[PDB]
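Per-chain numbering from 1; labels A, B, C, D, E, F, G, H, I and J assigned in written order.
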């Protein structure tokens, strides 16, 4: 995996981002919009739960992720 | 060198501005772009020849369209031109001559009051103009009319105490002016191409000139309409 | 080719947003406002419409150089040869515009720039019948004359939401050259008049009912809009509402950081004057008189506005217009005013009842629509139809009833004999019929095949059951407010 | 902003925020119970409104308990930042 | 103002899905939204965390409980972004 | 008239018993002072683990967010 | 009034200003209001008679 | 009075971190937000008896951050004063 | 400041989902900005009523469902 | 219409049989009568009683309970 040594989150917007969630799932997709409260809008969001064995996988598309239920953000891949 | 403080130096030149590289295009002398106050000066100076009629309504049943209509029906508006005719039920028993149906109407609503119209244009129709002009030595005042019955921050454009600048009294006037002075930039035209005289006879004849002068006016309008009418 | 003109082409001027999105939005009601802008002769309503359209679209062909500059008004919604040459809006040449509100939301509006001249009020009546909100528009100068009052009465009697536009401020600032307090007073007088006429709801800049426009210079604002733009930096998030409420309605800032309701010792003017009107005055006064560099600096500082280097070399009117555009970013505040005003959709019932009859079992899924008026919008015969329930698809058969046969039909009910196809559908957009297959509920579209099925102002329907048909009702003939008594 | 910080330090000295402020002034080791069960013996360096507190001389005490094998575990850290919400009860050891 | 909350309120009317902290998904027409995501729906299927579906006419939700909201592919187009 | 905050101001310099939510325990010590946040401080606070004094903690400072109820 | 305009114009203007200020921002008597209105109407011509 | 001042003043330091669940995080302090959001480049994670999961870049939510183990060469009193 | 528009649901029975899978039936009496539901108490989840008039806290609300249309 | 502030002002003056449920808590309830009210939802309760849930009358007195962890009230 490769990414630029970025200063802040908004500078790397529209990047394929692995986004953890407090309930155990991880949402992977290119981020369109962020917030002061860390609400995120993934362009091609993909629902990936970790069941109690192997990864659960599901496609969502354009979705809002609420900020409170986020654990953290990670860059998965580049734009385009 | 006080009222006419800017133009005075150059108003009488062969080419008004040979250099003045900011104010004109250059020495080719193709385009120009004056600042405000000099434009104001020009306007003031032009008081004798300037169009001097802001109320666009004024040319009512006196536009080129109106003239054309008059032509097309032989319903000459008496202040204006009268042409060679364009061409070579309804009984007294029937109709009721309550309104004596005038020629002025026959061009106003040409398709309605004038039956059997041919080659007839449609004129304008308009809103009432209340451009109140100021006389002198003041600004922003109701004069000609009556009045109605009844966390540490300042508002916008703070530290701009004077509402009106010394030029805005004149700028407003300029803004209301017609096409010559209206604007603060233009392309040149040939002295030839400027019509200092058209604006007098296109607008209405002032007051009680001798018949001959009235005739002259009419003649001029007849020419003008013809020129307008056969686009070359 | 033809003289009495529209677009008649594949390449309709491209929009900033995309029309696919607009049509998608138009799938659901509660997101299609039918505005039907109204007012006296030369209110500026058509000019307002033009402003909106221009704001919406990228580059129009008809938007020539001069109109762009702002010498001539781009009267985009007087498509008829006559309506140009005559200088009057004469028929309904509305537009479908995906309009952004001040708060972030995207609603497709069906505007209808109706005529103002009082002989044409017939045409206007249709707009009232059509539209669920009405942007009444008023000239400041003439104020509310009788015509405006009449219009208001009609709207209230026709059960339609109202959201006023006090238009042509440029006149009172430049033509009349009123002092700012005087201007404020005038405004108060006007709004007072409005309130007097409208016995029910009380209109004001607060609550975002009134809209302060100048379509020649090309700017509208609600106070909410303006405040949002230029009094969000200064004052905090929560106290903004209070500020908004204060601005208008005789409260004086008092040189101090929390105003008094009564008189103040130091300054003279109200908050509305000090915090809006005075700024406008400053703009106008400076956008003519002020040495351009200084003006540029001020714009940079206070408004956060960058003048184009071309705009520096504009003529003083068009320059001013450009500046105004830069200041009041869009016709967004106006849209906010509309949406906020027409947040009641319980009025829909009242409207429908008023038009046809008080009834129910209408949302069974039977498509039915008020055929408003036959128009000649692309030259050809079109029928402007407002759909209420269901959705109409292209190449569908439909029952149609001329509202001559409406009362009679009603009487007879307490055998769908007339019928016709729908050859094509499209959307009015000032100068083009933009073709669309869908024609969803709660909106206005143009259809080919209806026209010849009726004379004026029909209803349509397409029941899937005789029982359903029994449950139906039919619109009354549109009582065109003016009676025609000029016999030729 | 300055008047709020003045009443902050004023309200600390008089209110119960004075205790661990005085513990920082005396600079003693203090035990702190935690949300995920960690008795933190440490020297308090920093102190704010929210009870976020940088800790010198850190010594966390807990029990990683799984497999019927009580393994009371503990570690030393040089310096550590504490978040407020984790704290349950701070106490100054005599 | 929150540009994701901007999107939510712009998404009103479409068939949107919604899972909470509880893990119980929903799906139907949205009706209302605010700064705090005080969501309302119509025609909403209400699948419990086990998978037990219960169709119902309407629902109102509090924003604190919301986890994520499935928006359609239309809001990808326009007009909130640019 | 007997509100919480004035009774709490009367409860200053008096014995109090603190109960909490998760991984929690009753207490018993003389309240020292309070604020608008309801951050507590006790002297001679005894750690009553479900009403059983596990240890005399003494001079302590309890956080506001984990407070459930406070009694005599 | 016309005479006032003629020579002592500043005061006349001032008088107008005060009058208007009174006119609209006041709990003013109705007959008085009508008189004022009449005054302004005549002002529009500035005493023809 | 704000430790946010100090945490803002902590820049380009390689630090360990704990979370609400208790996950370790070894990475350079790229920046810290006024609400504790630890922007970190060149990061390495290890869960709470579990094996390594190293990564390129992680900005973690402020509230999820439990306890940041600071580096060795660190004068606390130098940054605390203005 | 944004008032949750419960005037559509005012004076109607509502199935309030609250913390720990608990349900509350009851006709609505009023509310506030925090969503604290003032409601006439009804049977709590076979089924049994506690109280006559109740006020539920907003933080404890999971959801509130339209029982009445 | 009755906001929670006004309904609790009825509970304040009345002091009628209140039953309280608790936040993040199913195992225990309370039974008393409302005596206080804060600007927050903090309320002091006299004659309060700890009442474990019907899956007895256990001892409890007068309590200032931190009101941010409330669920039910009903006087």
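Note that a contact is a pair of C-beta atoms (placed from the backbone, for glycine too) under 8 Å apart; a residue touches a chain by one contact, two chains touch by 3 or more.
The UniProt protein names, listed by chain, are D = Small nuclear ribonucleoprotein Sm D2; E = Small nuclear ribonucleoprotein Sm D3; F = Small nuclear ribonucleoprotein F; I = Small nuclear ribonucleoprotein G; J = Small nuclear ribonucleoprotein E.
**Q** Can you list every chain that touches chain C and also touches chain G?
**A** Where chain C and chain G share a partner, that partner set is B.
**Q** Can you give the shortest number of steps from chain C to chain F, where adjacent chains in the path must touch?
**A** Shortest path length, in steps: 4.
**Q** Please tell me whether D-H or B-G has the greater number of C-beta pairs in contact.
**A** Per the contact counts, D-H leads.
**Q** Need the CA-centroid distance for the pair chain G / chain H, whole Å please.
**A** A distance of 76 Å separates the two centres.
**Q** So how far apart, in whole Å, are chain D and chain E when each is placed at the average of its C-alpha atoms?
**A** About 41 Å separates the centre of chain D from that of chain E.
**Q** Chain A to chain D: how many Å between their CA centres?
**A** 34
**Q** Measure off the straight-line distance from the CA centroid of chain F to the CA centroid of chain J, and report it in whole Å.
**A** 19
**Q** Of all residues in chain H, which are in touch with two or more distinct other chains?
**A** Those would be 20.
**Q** Chain F: which residues touch two or more other chains?
**A** 22
**Q** Return the residues of chain J touching two or more other chains; collapse runs of consecutive numbers into ranges.
**A** Residues 23-25 of chain J touch two or more partner chains.
**Q** Given the complex with chain A, which residues does chain H contribute to the contact?
**A** 19-20, 30-31, 37, 39, 41, 55-61, 64
**Q** Hey, which residues of chain F end up touching chain D in the complex?
**A** 20, 22-23, 32-35, 39-41, 57-63, 65-66
**Q** Please name which positions on chain B make contact with chain G in the complex.
**A** Touching chain G: residues 141-142, 144-150 of chain B.
**Q** For the complex, give me every residue of chain I touching chain J.
**A** Residue list for chain I touching chain J: 10, 18-20, 22, 29-32, 36, 38, 41, 50-57, 59-60.
**Q** Give every residue of chain E touching chain A within the complex, in rising order.
**A** 2-8, 21, 23, 37, 63-64, 66-73, 75-76, 81
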